[PDB]
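K.L.:
Quick check, what structure comes out for this input:
(chains A, B, C and D, ligands or ions: 6)
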Protein chains: 4
Amino acid sequence: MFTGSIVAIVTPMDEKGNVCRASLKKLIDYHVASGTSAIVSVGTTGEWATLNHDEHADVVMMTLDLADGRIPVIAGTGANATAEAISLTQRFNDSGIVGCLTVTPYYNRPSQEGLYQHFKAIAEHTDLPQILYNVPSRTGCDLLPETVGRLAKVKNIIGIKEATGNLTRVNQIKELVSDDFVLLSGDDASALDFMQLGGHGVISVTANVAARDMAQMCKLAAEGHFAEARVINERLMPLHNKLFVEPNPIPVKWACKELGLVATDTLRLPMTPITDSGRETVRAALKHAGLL
Amino acid sequence: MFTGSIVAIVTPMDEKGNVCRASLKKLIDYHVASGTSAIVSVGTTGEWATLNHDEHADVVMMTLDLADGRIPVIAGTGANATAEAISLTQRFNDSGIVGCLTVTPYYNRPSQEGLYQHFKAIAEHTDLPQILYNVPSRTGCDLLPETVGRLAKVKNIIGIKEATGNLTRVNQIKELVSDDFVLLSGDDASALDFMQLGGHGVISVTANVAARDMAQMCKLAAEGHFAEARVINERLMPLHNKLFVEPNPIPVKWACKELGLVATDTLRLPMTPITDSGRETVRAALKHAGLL
Amino acid sequence: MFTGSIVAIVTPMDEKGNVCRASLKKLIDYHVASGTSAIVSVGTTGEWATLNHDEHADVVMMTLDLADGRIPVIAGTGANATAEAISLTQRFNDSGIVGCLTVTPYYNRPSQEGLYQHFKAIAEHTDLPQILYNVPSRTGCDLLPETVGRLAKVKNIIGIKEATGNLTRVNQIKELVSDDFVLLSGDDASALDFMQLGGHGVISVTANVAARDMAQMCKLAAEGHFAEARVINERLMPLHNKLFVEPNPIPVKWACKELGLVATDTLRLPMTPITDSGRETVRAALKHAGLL
Amino acid sequence: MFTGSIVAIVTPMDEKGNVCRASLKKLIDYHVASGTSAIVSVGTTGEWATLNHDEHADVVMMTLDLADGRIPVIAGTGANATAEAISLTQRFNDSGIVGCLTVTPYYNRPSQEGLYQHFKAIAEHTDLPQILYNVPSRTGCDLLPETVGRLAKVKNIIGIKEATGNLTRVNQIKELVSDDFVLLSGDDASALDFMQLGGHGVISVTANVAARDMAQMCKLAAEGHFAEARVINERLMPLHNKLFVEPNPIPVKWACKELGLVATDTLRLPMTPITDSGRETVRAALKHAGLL
Ligand SMILES: N[C@@H](CCCC[NH3+])C(=O)O
Ligand SMILES: N[C@@H](CCCC[NH3+])C(=O)O
Ligand SMILES: [K+]
Ligand SMILES: [K+]
Ligand SMILES: [K+]
Ligand SMILES: [K+]
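P.N.:
Residues are numbered from 1 along each chain as shown, chains lettered A, B, ... in the order given. Ligands and ions are numbered 1, 2, ... in the order given. Have a look at this structure:
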């Protein structure tokens, strides 16, 4: 549910940019069969950025309908205005999602005290578990360990997706929070290292195309079998890097199409079609992973 | 109209967080009287991030009404989804604004090709002049000079607000565009240097509270009188820096209230009220400028 | 010998900046009694930067004489000209040191191929084990994992002091080198994390004043008892940070004087005496560690 | 003498790595004929890092001999130990150089107070004019404008080589120093912008191979003719960038050999011979400049 390999699932689209239900069903079945712990619906990799609030709700509800109770769903619910994050969250209360993934405000660069008031207010108006989401390269704001410590005292703020790739954050956060607070990597390339230092899992792009291997790697890491998990990570390392050779989710949607998991690799502007050179790098990564 | 001292005007609010019409009128009269060249309505400083699309439109329309033809008005119109930027823009067509300030997509970090396609599409769905806006510390995206060169070929893309504070960009962009493409600073502390290098004006935070000084500074710059302009810049330098002692527009709103230009210094979460230490810093800077 | 807690020992000085033998003897006895694995003589913390080549040799020989076979000594031997590093190394061949700590060329910023030719040539002209030393914040150059992989194939290049604080480097290097190559942290604040990911020890500033606790922490980390080692690291964390509140070794020399391990805290210009505010921060760290 | 186009001259070498007198003479005649204002002997570009103190002195003395009063000579004299900088400087007293270029201590990262004490002490042991040199990418140390202000009060500290490429530093430093303190760029690609902001010249890599163009560029700048200067700058921009395609002075030495100005392009390790791809890049840039 909030540990192990969690996929940040693509939002598959037809040629017009509308959600492809048939493609989504195939992905969801794939994750159920491959042992993925949960699905993050309309996260970053799900083009949270370019869906409107309504389309967003629809993809989440569709994922819940297709999932049919077989795999837990977490929805992306972040916003850069605290009133808007509260309002959006209300739409998912009692939807069937198990939790919300809520990103630090982007663009407006609030203070730490602002982040604290933001997240505390969101949490106050829902019974759903909240997972905080720190990704400074995208938002311009860095939610620091001291603030995560203050927010972890709020009953339903249950963990953090830490996407800095700065592995010192693991034990800085861990020492400030209770043993039940969940630490999840949001950086596939450093995620095994993150788990080895005491993290609990990963919210992953790679998992979209290597679900079984991600699931086994995370299970080995949780049991302490790091040498063994590292053999898997070494085969997935080209994917961990090359799925970001052009802006995510351009590479992963192309990989999903190439494997046949989705009908088209279409995305919404300002995301553009993968370049020829990108296709070649991604294909080589897929073959390194044994997927083609 | 697109040169000299352009104010990025605050959206003054009541204690409930909604626009205060009497305060806005007072500010706009103040800019008319001070010699400000134009007003950017619902830019970053105007809390574009925390107004919904309807509130945003209402503020722009109210600003045009109150300006009553005495001062040109440029609307913030950026979005991180191309479709939504086109909508937002279509909405101000025939409103009376003289142009749009359109920020690079934020959060989703598109490629340069993606930036080119986003702005080209927006420009194609309007007749209004477009000023590109590059502020990578907020967006996670850096619109490079090469791409500005490509976009400057589109008929109604007419300038750029360069808020990197990287002064080498002035002549990198000038080399690639025509003599009538406008270059404006988005960084108060470096704006005089930017104009000395060949830029044409500034979209300014400091102009909210030192409108006459800023207009006089820019007039001297445009005339080649840099040493006279620099005396004015040194008097304003503590404001140029300390209006960012806490996240913009927290300081400038406090300063506006302290000077009697607005009724309340209220902002929307996740922006937080100014700290005491903040108050003290900004008050010292206002004293140095001779404003209080 | 090349694992566990290794101290980067201060070079204690009298009021004129000359090496204080009596102070050095006290330190060396302290490390022998407290279980330190080895001593790095005239490393960074030993003011390698401001001793001339002769003074340098003398401090190393004095440390070896005082040590009297009771604890292994490693000498700092780096230089930014390959001919000079070869020449300096010859002076220590058969001195009694067990190894050399050789920093990447500083200031001149060579390519990776230049680093490879540099270190390979140094290694070629000695039988002494060489430990490579990467500290980009000081040198302007970053010795990358791929190059460390190529250098590890040289018979007597036996390990690396990795002082970036970037914990991803551990397993990037480890996967390219043999199981006998030693990975040592050169960043006290992240050193436990470094060991938890697969590093073998630390070349430490903190060890100068908390030798026994560092030695126990490293032993616990080597046995896999990370929770236990983390209790010690948490008590030493203020030191790990505040020994760098002013440039190293200013704080640690002051701490050593305050504890009575050395007669004076004098250093060589351009290092300056600790500030009052620095003394207060360092003292508080020492008390947190239980040392005062 | 301390304005206009100052060349940071290469130390041409034979195949063994020792100074080539005939090549040096040829370069110095070339600068006399081209209008270069002064020569920096054994600066960074002159391989200050890899010459020992005697070799360094020999090159400066040989340069003064060959210049034969026709062109002023400034010696590199920096060291990271204050005592050693004082020695090095005392050595050039009454040599015939007109001043010294003294870099911030490298590697040991002193405080600003430490920088103040280092340069003040050096200045006190000579009558030669001192030009401070700030190049943080190489040294790990950033000499800030405030500290430049303090040092500019010392009688014989007369200027600064600002190699950050951060153009805001020009007017930050000008505000704090007297009208006769000299500001020189250390960054070819930004040097014209630096002079347009109020700087007085450049210590240039590009001047090694485009001496006449650089002197003409600086003459036009000093006269206020920026648009004419910028035409010359655009012709040289590929050199300004591609003379750093591999670490300086690897490219400029190759270019000097290719133009017939020196006999060999030999450098000292850890600098390595230019790669083939490098050769091709620099040749294209020399073609663009009209030099070959
Ligand atoms: N700054 C905007 C977020 C854009 C929504 C993503 N397409 C707001 O406050 O709602
Ligand atoms: N750049 C110098 C190193 C200075 C020695 C430290 N005080 C050299 O090549 O030797
Ligand atoms: K909690
Ligand atoms: K245009
Ligand atoms: K080896
Ligand atoms: K002076």
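K.L.:
residues from the stretch 1-150 of chain A in reach of ligand 1?
P.N.:
Contacts of the stretch 1-150 of chain A with ligand 1, taken as Cβ under 6 Å from any ligand atom, map to A:49, A:50, A:79, A:80, A:81, A:84, A:107. (C-beta placed from N, C-alpha, C; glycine too.)
K.L.:
please redo it, this time with the cut-off set to 5 Å
P.N.:
Where the stretch 1-150 of chain A comes near ligand 1, counting by Cβ under 5 Å from any ligand atom, the residues are A:80, A:81.
K.L.:
how about the strands of the stretch 1-150 of chain A, start to end?
P.N.:
Using DSSP state E, counting those that start in this stretch, the strands found in the stretch 1-150 of chain A span residues A:4-8, A:38-41, A:73-76, A:99-103, A:130-134.
K.L.:
of all those strands, which lies closest to chain B?
P.N.:
strand A:99-103 (8.4 Å; Cβ to the nearest Cβ).
K.L.:
What is the distance between the closest one and the centre of its chain?
P.N.:
Taking Cα atoms, centre = their mean, to the nearest Å, one finds the center of strand A:99-103 at 10 Å from the center of the full chain.
K.L.:
can you list the residues of the stretch 151-292 of chain A near chain B?
P.N.:
With Cβ under 8 Å from any Cβ of the partner chain as the criterion, the stretch 151-292 of chain A comes near chain B at residues A:246, A:247, A:268, A:269, A:270, A:271, A:272.
K.L.:
Output the residues you listed as a markdown table; include the columns secondary structure, distance to chain C and neighbour count.
P.N.:
Shown next, in a markdown table, are those (DSSP: H, G, I helix; E, B strand; the rest coil; distance: Cβ to the nearest Cβ, whole Å; neighbours: other Cβ atoms under 10 Å in any protein chain shown):
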| residue | secondary structure | distance to chain C | neighbour count |
| --- | --- | --- | --- |
| A:246 | coil | 22 | 24 |
| A:247 | coil | 22 | 17 |
| A:268 | coil | 32 | 19 |
| A:269 | coil | 33 | 18 |
| A:270 | coil | 30 | 29 |
| A:271 | coil | 27 | 27 |
| A:272 | coil | 30 | 19 |
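K.L.:
which of the residues you listed come close to ligand 1?
P.N.:
With Cβ under 5 Å from any ligand atom as the criterion, these include none near ligand 1.
K.L.:
ok, so of these, who is nearest residue B:158?
P.N.:
residue A:270 (20.6 Å; Cβ to Cβ).
K.L.:
buried ones in stretch A:84-104?
P.N.:
A:84-86, A:88-89, A:91-92, A:97-104 (16 or more other Cβ atoms under 10 Å in any protein chain shown).
K.L.:
What segments of chain A are helices?
P.N.:
Applying DSSP state H to chain A gives helices spanning A:21-34, A:53-67, A:82-92, A:112-124, A:136-139, A:145-152, A:169-174, A:191-197, A:211-222, A:226-242, A:250-259, A:276-288.
K.L.:
okay, now residue A:77: neighbour count?
P.N.:
The tally of other residues near residue A:77 (other Cβ atoms under 10 Å in any protein chain shown) stands at 28.
K.L.:
show me the contacts for it.
P.N.:
A:85, A:88, A:89, A:92, A:100, A:101, A:102, A:122 (Cβ atoms under 8 Å, 6 or more residues apart in numbering or on different chains).
K.L.:
The second one touches residue A:79, doesn't it?
P.N.:
Yes - look at residue A:88 against residue A:79 with Cβ atoms under 8 Å: they come within range, at 6.1 Å.
K.L.:
Spell out which parts of the stretch 51-200 of chain A neighbour ligand 2.
P.N.:
On the criterion Cβ under 5 Å from any ligand atom, ligand 2 has no neighbours in the stretch 51-200 of chain A.
K.L.:
And the residue of the stretch 51-200 of chain A closest to ligand 2?
P.N.:
With Cβ to the nearest ligand atom, the shortest gap between the stretch 51-200 of chain A and ligand 2 falls at residue A:168, namely 31.0 Å.
K.L.:
With residue C:190 as the reference, measure out to that residue.
P.N.:
Going from residue A:168 to residue C:190 by Cβ to Cβ, to the nearest Å gives 5 Å.
K.L.:
Could you do residue A:248 as well?
P.N.:
Taking Cβ to Cβ, one finds residue A:248 at 28 Å from residue C:190.
K.L.:
Next: residue A:209.
P.N.:
Note on residue A:209: its distance to residue C:190, by Cβ to Cβ, is 33 Å.
K.L.:
ok, now residue A:19?
P.N.:
According to Cβ to Cβ, residue A:19 stands 43 Å off from residue C:190.
K.L.:
got it, and residue A:254?
P.N.:
Separation of residue A:254 from residue C:190 (Cβ to Cβ) stands at 37 Å.
K.L.:
Tell me the backbone dihedrals of the nearest residue to residue A:17 once chain neighbours are set aside, please.
P.N.:
Once flanking residues are discounted, residue A:17 sits nearest to residue A:268: 5.0 Å by Cβ to Cβ, 6 or more residues apart in numbering or on different chains. Torsion angles at residue A:268 (phi, psi; degrees, to the nearest 10) stand at phi -100, psi 130.
K.L.:
How about residue A:98?
P.N.:
Backbone geometry at residue A:98, expressed as degrees, to the nearest 10, gives phi -90, psi -10.
K.L.:
one step back: between residue A:19 and residue C:190, which one's more packed in?
P.N.:
residue C:190 (24 against 17).
K.L.:
For the residue nearest to the more buried one when sequence neighbours are not counted, give its distance to chain D.
P.N.:
Spatial nearest neighbour of residue C:190, excluding adjacent residues (Cβ to Cβ, 6+ apart): residue C:165 at 4.9 Å. The gap separating residue C:165 from chain D is 14 Å, by Cβ to the nearest Cβ, to the nearest Å.
K.L.:
got the contact list for residue C:165?
P.N.:
Applying Cβ under 8 Å, 6+ apart to residue C:165 gives the contacts A:168, C:187, C:189, C:190.
K.L.:
Taking those residues together, which two end up most distant?
P.N.:
A:168 and C:187 (9.5 Å).
K.L.:
Tell me which of the two has more neighbours.
P.N.:
residue C:187 (24 against 18).
K.L.:
Assess the claim that residue A:129 and residue A:2 are in contact.
P.N.:
Yes - assessed by Cβ under 8 Å, residue A:129 is found in contact with residue A:2 at 7.4 Å.
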